[PDB]
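# Results of the structural survey
Chain residues, written in single-letter form:
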Amino acid sequence: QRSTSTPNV
Amino acid sequence: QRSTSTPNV
Amino acid sequence: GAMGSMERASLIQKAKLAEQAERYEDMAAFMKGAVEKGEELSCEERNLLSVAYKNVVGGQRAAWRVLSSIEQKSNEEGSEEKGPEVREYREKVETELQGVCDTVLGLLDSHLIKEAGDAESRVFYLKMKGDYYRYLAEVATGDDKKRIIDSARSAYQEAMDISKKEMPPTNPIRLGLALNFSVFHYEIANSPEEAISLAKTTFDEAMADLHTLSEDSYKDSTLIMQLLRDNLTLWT
Amino acid sequence: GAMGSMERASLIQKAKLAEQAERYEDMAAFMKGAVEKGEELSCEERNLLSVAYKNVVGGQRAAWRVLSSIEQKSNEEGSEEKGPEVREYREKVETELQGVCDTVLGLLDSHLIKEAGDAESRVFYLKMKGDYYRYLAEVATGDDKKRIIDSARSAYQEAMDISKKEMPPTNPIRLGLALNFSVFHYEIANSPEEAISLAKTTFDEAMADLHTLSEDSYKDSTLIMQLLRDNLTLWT
Ligand SMILES: [Ca+2]
Ligand SMILES: [Ca+2]
Ligand SMILES: [Cl-]
Ligand SMILES: [Cl-]
Ligand SMILES: [Mg+2]
Ligand SMILES: [Mg+2]
Ligand SMILES: [Mg+2]
Ligand SMILES: [Mg+2]
Ligand SMILES: [Mg+2]
Ligand SMILES: [Mg+2]
């Protein structure tokens, strides 16, 4: 699985 | 809630 | 048309790719291109057409409902005036929705329905015609709301008459048509009793024909039957 | 531009409506229109811009990955030849993705970054520049892959230098920048050790500053800290 980047808040 | 119509298969 | 230069088989191939990628606007454009080649569609190809446009209009309908709800709340007593923006944007989404419906109805009229002679193809297309007039009716408020409703009813009725003559009660197309016509009655035509009656009769006649089916066909038919039951539970 | 005739405040209002309706293409167009009015953006307005384009490019990236995977599988030994269609459609989605990235980078260059003098605005925009060059790098394969990577690195680095001078270690923008720069290192730059080191140092320095925060700010900072930990778990 791919790394997590910043989500939408 | 709304009635259920035919879904995508 | 932008797809005029692409092979029919390539358009079908790319529709399948677009489905896998969840790119439903592209999928619909590819299938529109395939229809405009002028050849009749196979069962699988009709399914691709259906899935693509159902997903596109499904997004528009969900968006329209959100915006309509916000608009209704703005036009209560006590609500502060926020200017024309909510109405304008609801109208924008509504116009795009109507455009998609008109595109589909245009494909059916030119010339899918008139070339459809087998029960499976003719009933499928007339059901689709009913469905897209129903989506137009969901947002209609003017002089033509009644005529739009009658257009939906007329298409569903012609489909029903053929399906009852030509298909077994468990046929998935027949079942899906009856489901959607029952939704028309309940949600559009202010006829909940007609809706319940149709759902019940459809369910019972399918139940009685299940014994004739293979394991795979049984699974297909019972899936739709459960949706009729779900609606009957909601309605009663 | 199609939004040239609409008021700035109306564009912002409609961006908020589009977000509620999950109409992210519209939301992005409205926010592009607002940027092109030429005024600086508030914090809330920067967030609207970010959400809109992140959602649009997010869909394109997911689609591109599906298609790239199918394409890679077609070019193995034993795989049957299916013609140019998979490549063509992957290229189509890729071109649209690159177009969205170019649009965002264009807004940053004309003229959001050069007018951004406060740490919060300047770091946010330089992080965005890094992010959209990173998305370009994900699909790059040619002579400019290296230059695209260096453009991303350069933007992230300038942002990092400002953030460390001007913001506390728990600032959400500072934290989100460091998260995304660590992803750049791991996923793009073939530097997993740099990625791990950055994630660890960022986490530890934030942990040590949590005591200075209110309840609400604590919740904000710890949410991002958990994502750094999630990556460290994946990476080690
Ligand atoms: Ca025929
Ligand atoms: Ca300034
Ligand atoms: Cl509008
Ligand atoms: Cl293509
Ligand atoms: Mg040909
Ligand atoms: Mg008041
Ligand atoms: Mg209207
Ligand atoms: Mg003005
Ligand atoms: Mg072979
Ligand atoms: Mg390319």
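Residues numbered from 1 in each chain as written, not as in the entry; some residues may be left out. Chains lettered and ligands numbered in written order. Heavy atoms only, no water.

Per the deposition metadata, X-ray crystallography was the technique used to determine this entry, at a resolution of 1.40 Å.

## A look at the packing of helix α2 (residues 24-35) of chain D against helix α3 (residues 43-74) of chain D
Residues and elements named next belong to chain D. One can describe the packing of α2 onto α3 by two numbers: an axis separation of 8 Å at closest approach and a directional angle of 140 degrees. Taken as axis vectors, α2 and α3 run oblique relative to one another. The two elements α2 and α3 cross, and the hand of that crossing is left-handed. In this structure, α2 contributes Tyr24, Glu25, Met27, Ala28, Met31, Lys32 and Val35 to the contact, and α3 contributes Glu45, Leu48, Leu49, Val51, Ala52, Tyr53, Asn55 and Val56. Residue classes in the contact of α2 with α3 are distributed as 11 nonpolar, one polar and three charged. (Axes fitted to C-alpha atoms, helices over the stretch in contact; angles between N-to-C directions. Helix = DSSP H or I, 4+ residues; strand = E, 2+ residues; numbered from the N terminus. Parallel < 35°, antiparallel > 145°, perpendicular 65-115°, else oblique. Left-handed = near helix turned anticlockwise from the far one by under 90°. Contact = heavy atoms within 4.5 Å. Nonpolar A, V, L, I, M, F, W, Y, C, P; charged D, E, K, R; others polar.)

## Some details on the pattern of salt bridges
Residues and elements named next belong to chain D. Under the criterion given, the structure shown has 34 salt bridges over all chains. Among the ionic pairs, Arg65 bridges to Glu138, the shortest N-O distance being 3.5 Å. With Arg65 in helix α3 and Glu138 in helix α5 (residues 119-139), this residue pair connects regions lying 73 residues apart in the sequence. On the accessibility criterion, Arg65 (28% relative accessible area) is partly exposed. (Salt bridge = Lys/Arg side-chain N within 4 Å of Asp/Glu carboxyl O. Buried < 20%, exposed > 50% of the residue type's maximum accessible area, 1.4 Å probe, protein only.)

## Some points on the relation of the copies chain D and chain C
Relating the two copies of this chain is a rotation about some axis coupled with a shift parallel to it. The two copies are related by a screw motion: chain D maps onto chain C through a turn of 180 degrees and a shift of 0.0 Å along the axis, at an RMSD of 0.0 Å. Taken together, these values place the two copies in the relation of a two-fold axis. Taking C-alpha positions as reference, the residue of chain D nearest the rotation axis is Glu25 of chain D, located at 6.2 Å. Most of the interface of chain D is mirrored in chain C, where 100% of its interface residues are also at the interface. (Least-squares fit on C-alpha atoms.)

## Side note on the coordination of the calcium ion (ligand 2)
Ideal values for angles at a metal depend on the geometry: 109.5 degrees with four tetrahedral donors, 90 or 180 degrees with six octahedral donors. Taken together, the protein donors to the calcium ion (ligand 2) comprise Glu40 of chain D (OE), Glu40 of chain D (OE) and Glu115 of chain D (O), at separations of 2.3 to 2.6 Å. Within this pair, whereas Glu40 of chain D is found in the loop between α2 and α3, its partner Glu115 of chain D is found in helix α4 (residues 85-115), the two being separated by 75 residues in sequence. (Donors = N, O, S within 2.8 Å, 3.2 Å for Na, K, Ca; no water.)

## Notes on helix α2 (residues 24-35) of chain C
Compared with an ideal rise of 1.5 Å per residue, which puts 12 residues at 16 Å, α2 of chain C spans 16 Å between its outermost C-alpha atoms and is within 8% of the ideal. Elements in contact with the buried residues of α2 of chain C: α1 (8-20), α3 (43-74) and α4 (85-115) of chain C together with α4 of chain D. (Expected span 1.5 Å × (residues − 1).)

## Overview of the interface of chain D and chain C
Accessible area lost when the parts come together is the quantity often used to give the size of an interface. Taken together, the contact pairs 23 residues of chain D with 23 residues of chain C. Summed over the shared surface of chain D and chain C, the result is four salt bridges. The salt bridge partner of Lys14 of chain C is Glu88 of chain D, with a shortest N-O separation of 2.8 Å. Where chain D meets chain C, there are eight residue pairs in polar contact. Considering each element in turn, the side of chain D that touches chain C owes the most residues, seven residues, to α4 of chain D. A breakdown of the residues in the side of chain D that touches chain C according to their chemical character gives 11 nonpolar, four polar and eight charged. (Polar contact = N/O pair within 3.5 Å; in protein donor to acceptor, adjacent residues only side chain to side chain.)

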